[PDB]
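K.L.:
structure for this input, please:
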Amino acid sequence: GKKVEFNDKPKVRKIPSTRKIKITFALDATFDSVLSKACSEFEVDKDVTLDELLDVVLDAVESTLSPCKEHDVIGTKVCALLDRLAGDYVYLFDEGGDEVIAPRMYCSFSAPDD
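P.N.:
Numbering: from 1, shown residues only. Have a look at this structure:
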């Protein structure tokens, strides 16, 4: 009995030294079902910075949805993806302005003040 993968505090009871996030910014219905399917859950250690989160997020989505240029409707996603990887991506901050990962983080290409 008991199990071996419980949640809440480890071993007899815990989870990985990482935090599981489920908040994904949906720009449109497209990256809604697509982003959710490719990324419905993520594990972030307490050392991962928005930069790393964005990196793994972009890589994950790119890995799952590689054949995007094939779909004309989604196509554009390729141009935007390339542009995002070019330099300007999407900044993310908490409900304050400080660049930190928390339960409620605002991910977008718009500064805190915007």
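K.L.:
check the separation of the first and last residues in stretch 9-19.
P.N.:
From its first residue to its last, stretch 9-19 covers 12 Å (C-alpha to C-alpha, to the nearest Å).
K.L.:
give me the contacts around that stretch.
P.N.:
Contacts with stretch 9-19, where a contact means C-beta atoms under 8 Å, 6 or more residues apart in numbering, come from 6-8, 43-46, 48, 101. No exception for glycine: its C-beta is placed from N, CA and C like everyone else's.
K.L.:
again, but for stretch 33-42
P.N.:
Against stretch 33-42 from outside (C-beta under 8 Å, 6+ apart): 20-22, 24, 26, 53, 56-57, 60-61, 63-65, 74.
K.L.:
tell me which residue lies nearest the centroid of the chain.
P.N.:
Nearest residue to the geometric centre of the chain (C-alpha atoms, centre = their mean): residue 57, 4.4 Å.
K.L.:
against which helices or strands is the longest helix belonging to the chain packed?
P.N.:
Identified as the longest helix of the chain according to DSSP state H is helix 50-64. Using 3 or more C-beta pairs under 8 Å, 6 or more residues apart in numbering; DSSP states H and E, the elements in contact with helix 50-64 are helix 30-38, strand 42-45, helix 77-86, strand 91-94, strand 105-108.
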